[PDB]
Number of protein chains: 2
Amino acid sequence: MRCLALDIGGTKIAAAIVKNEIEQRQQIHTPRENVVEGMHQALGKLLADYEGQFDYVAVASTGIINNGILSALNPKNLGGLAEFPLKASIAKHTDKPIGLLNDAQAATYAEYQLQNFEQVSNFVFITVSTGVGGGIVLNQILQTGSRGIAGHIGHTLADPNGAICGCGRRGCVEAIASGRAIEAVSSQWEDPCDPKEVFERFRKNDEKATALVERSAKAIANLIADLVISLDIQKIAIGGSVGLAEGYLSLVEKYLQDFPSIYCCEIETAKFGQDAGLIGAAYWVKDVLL
Amino acid sequence: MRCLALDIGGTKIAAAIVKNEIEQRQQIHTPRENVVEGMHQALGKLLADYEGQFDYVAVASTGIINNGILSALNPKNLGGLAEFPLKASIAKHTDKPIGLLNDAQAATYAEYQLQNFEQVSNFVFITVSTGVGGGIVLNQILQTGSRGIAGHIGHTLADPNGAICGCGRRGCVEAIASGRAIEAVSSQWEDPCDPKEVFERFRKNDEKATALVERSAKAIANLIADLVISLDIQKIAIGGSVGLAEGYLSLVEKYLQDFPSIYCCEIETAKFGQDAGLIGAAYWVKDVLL
Ligand SMILES: Nc1ncnc2c1ncn2[C@@H]1O[C@H](COP(=O)(O)OP(=O)(O)O)[C@@H](O)[C@H]1O
Ligand SMILES: Nc1ncnc2c1ncn2[C@@H]1O[C@H](COP(=O)(O)OP(=O)(O)O)[C@@H](O)[C@H]1O
Ligand SMILES: CC(=O)N[C@H]1[C@@H](O)[C@H](O)[C@@H](COP(=O)(O)O)O[C@@H]1O
Ligand SMILES: CC(=O)N[C@H]1[C@@H](O)[C@H](O)[C@@H](COP(=O)(O)O)O[C@@H]1O
Ligand SMILES: [Zn+2]
Ligand SMILES: [Zn+2]
């Protein structure tokens, strides 16, 4: 009835109790150097700050999540960490059941619970956050796949002539549209800035920042097209701090109406924010303990 | 128990009885001019050549198939035909039940019946034929989607700087890897030839034909990668006359091993050939009459 939720990410490693709402939120510095020891200690402190306060642990986590292990498809999103015994480290601190699930899959399970269930049977949530991640609901069932890969739509093809992605594959969507991909360009400018800063020189109509935010949305627009015509998607919410940025969804919708109408789809802002992973894992774990 | 199967395509409009094997095959000229009248008359003749010989009709057909209508996503694959009352025209000639299904979805349902069902739960068949088509089995269930679009993987993104596709979208996989896409290049040569001819100047190591068959496989290789990492696919058979061409699958497998191993997948030749659509529709219709 009472859940300890963790949203492990590249930037955000959240934690919260989910009674039926979020409460007692925390938000640690997801470590970017000495990360193997750093994540053991963070999982230790957070597990201590809540002992006896929960009946199960629900972990939404960046990376492929499979038999308790976190395999980082893109190690650049984890300070270099290729792998991590996620469930084990957590079990060193509590006896309660522990469910684990990719972070984007957890959000898509959250956002899907706000949808008219027989108007919308195929659904996709797209986070444009640190990287680019997704989860795929088909016939109301969240897809995870036999290895927990299903949903890793940020490493589908964006441009066969584009940047090498941190995963080793050329031209991924993540390598072109992600917060990381934006920052790789905006740091090397004569007038450097971080992603949030790119979004405001964008609104002031700086050529450079607009060309860069457009490159990202046009790629996300193409991702949605691929999704619509491959799986017959009926609605797409997009989350993440770049996705939820102001004026971005409009730029996606704009680039999406260059496509034959058949590729179009209803797109909405994620209605759960930085708390979609927590809430998703909390409900998704609970519903596969029944 | 006795089925009249039709495989409607861009080049091939087949027909056959499926008792439990194919028999009495036919193979008409899929008309490329005056096609609306042409397809009514072909559906008339074939329905007459078999009256009383079947208990139901099963139609595998190129195009989105939805409430009896064939909507051509790419009208160039149908001699211009944007739409066709497929089921209606067939009902003008028999009282028996009539099931309809996209052609690539029908093949993927065939080929999937030859698979170890709990070694392989996510499966994809890719036809590299006139165009590029697919069907997606997830958790042993063939995906069609609420509008029969699911599987139209030939109109996912291949190159955002490539040819406009006959569907209206820039850079589709079909526009780069299909038999049509090959022929559009090999006709305009100083020494023109058809696709089959491209595959033999290829084997004799003609620069031009190799550059062209490589462009197609490298794109199919990228499609498989997208499929593996999006949906956690476990095996992929590829059919169609370009797919089944000799030395092509090897070129796909070759370009696929440039990818991080996580993107790799077991790939096999389709083991049903020009009869996968017929057999697929025949079994798939029968199993959704129970
Ligand atoms: N308010 C914001 N506006 C635009 N970009 C942001 C904003 N906040 C964070 N970002 C960028 O988004 C990325 C982090 O996304 P976020 O969802 O917060 O992290 P996580 O991947 O852990 O879920 C970073 O690249 C960051 O620069
Ligand atoms: N033996 C072959 N070898 C190479 N290419 C072929 C061969 N036969 C047909 N093609 C080409 O494949 C395309 C037709 O594929 P096919 O599966 O026969 O038709 P359909 O789309 O109706 O199922 C055409 O472009 C044709 O040029
Ligand atoms: C470590 C890793 O390879 N993660 C991949 C996904 O599994 C993840 O869901 C996505 C978004 O995660 P986020 O950006 O941290 O929110 O980023 C990456 O593509
Ligand atoms: C008319 C039309 O838009 N058809 C599309 C698909 O539905 C079809 O399955 C695929 C392969 O069909 P084939 O090449 O005729 O075998 O080609 C096209 O992309
Ligand atoms: Zn990648
Ligand atoms: Zn197309």
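Residue numbering in chain B adheres to Swiss-Prot, whereby the residues present occupy positions 1-20, 22-291 in order.
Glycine too: its Cβ is placed from the backbone N, Cα and C atoms.
Per Swiss-Prot, these features apply:
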- B:5-12, B:132-139: ATP binding site (BINDING)
- B:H156, B:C166, B:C168, B:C173: Zn(2+) binding site (BINDING)
Alpha-carbon spacing, B:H156 (Zn(2+) binding site) to B:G9 (ATP binding site), which is rounded to whole Å:
17
Under 8 Å by Cβ from B:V138 (ATP binding site), counting only residues of that chain that are 6 or more apart:
B:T109, B:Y110, B:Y113, B:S122, B:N123, B:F124, B:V125, B:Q144
My list of binding-site residues is B:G9, B:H156, B:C168; which of them have a Cβ under 8 Å from any chain A Cβ, in sequence order?
B:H156, B:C168
Just to be sure I understand the contacts, which binding-site residues have a Cβ under 6 angstroms from any atom of ligand 1? Candidates are B:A5, B:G136, B:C168, B:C173.
none
Pairwise Cα distance for B:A5 (ATP binding site)/B:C168 (Zn(2+) binding site) [Å, integer]:
28
Taking only the binding-site residues B:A5, B:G9, B:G132, B:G134, B:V138, B:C173, which have a CB closer than 6 angstroms to any atom that belongs to ligand 2?
B:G9
Could you tell me the C-alpha distance between B:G9 (ATP binding site) and B:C173 (Zn(2+) binding site) in angstrom, no decimals?
19
Among B:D7, B:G9, B:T11, B:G132, B:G134, B:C173, the binding-site residues whose C-beta sits under 6 Å from ligand 4:
B:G9, B:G132, B:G134
Would you list, in sequence order, the residues of this chain other than B:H156, B:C166, B:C168, B:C173 that have their CB within 8 A of the centroid of the site's CB atoms, where the site is the one recorded for Zn(2+)?
B:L74, B:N75, B:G155, B:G167, B:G169, B:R170, B:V174, B:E175, B:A176
Any idea what DSSP makes of B:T11 (ATP binding site), helix, strand or coil?
coil
Number of Cβ atoms other than its own within 10 Å, given for B:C168 (Zn(2+) binding site):
24
Measure from the CA atom of B:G132 (ATP binding site) to the CA atom of B:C166 (Zn(2+) binding site) and give the result in Å, rounded to a whole number.
10
